[PDB]
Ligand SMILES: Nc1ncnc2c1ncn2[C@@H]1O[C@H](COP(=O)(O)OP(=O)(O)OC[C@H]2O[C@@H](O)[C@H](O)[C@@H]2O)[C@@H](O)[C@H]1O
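The chain below stands alone, shown as structure tokens; this is the form deposited without adenosine-5-diphosphoribose.
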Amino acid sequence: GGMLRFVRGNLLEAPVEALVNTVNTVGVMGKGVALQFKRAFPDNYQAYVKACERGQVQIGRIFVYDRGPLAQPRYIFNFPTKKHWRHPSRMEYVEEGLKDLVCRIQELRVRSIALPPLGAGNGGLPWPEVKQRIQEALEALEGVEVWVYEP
């Protein structure tokens, strides 16, 4: 029963197994979605900082933090949309990230996941095009309920 739904509300409240946080690769969660994630999920933030220090966080390479089998959300999928926090999000980086998103969902047998609009909206990437790429990527997931929070 896989299904893609586009919704409004507080991403952090989504009642799912995995949340996507939109991040950069330099180890800063200072604004926007990432700031909300830093405040809500401090252990993910520290793990993310260490993964960045190691060079593990790169374009097309989601950094997943596991909060444990009894947690909800269990996973934080730290999705890079840009290198430095001052740079804009870039469409190529969202495209490569969405491919890896599918990879990590499958690897981890995640059955429900919620995403922000991946750098779209409010002066960022064009939402119609981002929405289209999300649809292309994430309607080819069998059995996964995907919730996308609109700009």
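Residue indices: 1-based, along the sequence shown. Each form is matched to the other, and the largest set of C-alpha atoms that superpose within 1.5 Å is called the rigid core. Shifts are known only where both forms have a C-alpha.
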Greater mean Cα temperature factor according to the PDB record, 50-58 or 99-107:
50-58
When the Cα temperature factors in the entry are averaged, is it 11-19 or 136-144 that ends up higher?
136-144
Scanning 94, 29, 70, 113 for peak Cα temperature factor in the entry gives 70
Sorting the chain's modelled residues by C-alpha B-factor, tell me whether residue 89 ends up in the lowest, middle or highest third.
middle
Using the B-factor values recorded in the entry, state whether the Cα atom of residue 64 falls in the lowest, middle or highest third among the modelled residues of its chain.
lowest
Check where residue 38 lands among this chain's C-alpha B-factors and tell me if it's the lowest, middle or highest third.
middle
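What comes next is about the form solved in complex with adenosine-5-diphosphoribose, which does not appear here.
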Identify which of 52, 110, 33, 64 has a heavy atom within 4.5 Å of adenosine-5-diphosphoribose in the deposited complex; exactly one of them does.
33
Can any non-hydrogen atom of residue 60 be found within 4.5 angstroms of adenosine-5-diphosphoribose in the deposited complex?
no
Tell me, yes or no, whether residue 134 is in contact with adenosine-5-diphosphoribose in the deposited complex, where a contact means a heavy atom of each within 4.5 Å.
no
Is residue 151 part of the interface with adenosine-5-diphosphoribose in the deposited complex - any heavy atom within 4.5 Å?
yes
Would residue 78 count as a contact of adenosine-5-diphosphoribose in the deposited complex, using a 4.5 angstroms cut-off between non-hydrogen atoms?
no
Out of 101-109, 39-47, 66-74, 122-130, where are the residues with a heavy atom within 4.5 Å of adenosine-5-diphosphoribose in the deposited complex?
122-130
Only counting heavy atoms and a 4.5 Å limit, does any residue of 77-97 reach adenosine-5-diphosphoribose in the deposited complex, and if so which ones?
81, 82, 85
Of 32, 60, 27, 121, the one whose Cα moves 2 Å or more between this form and the one not shown after core superposition:
121
Relative Cα spacing, residue 6 and residue 122, in the deposited complex - shift of 3 Å or more
farther
Run through the residues found in both forms and list the stretches of 3 or more in a row whose CA moves by 2 Å or more between this form and the one not shown, fitted on the rigid core.
121-123
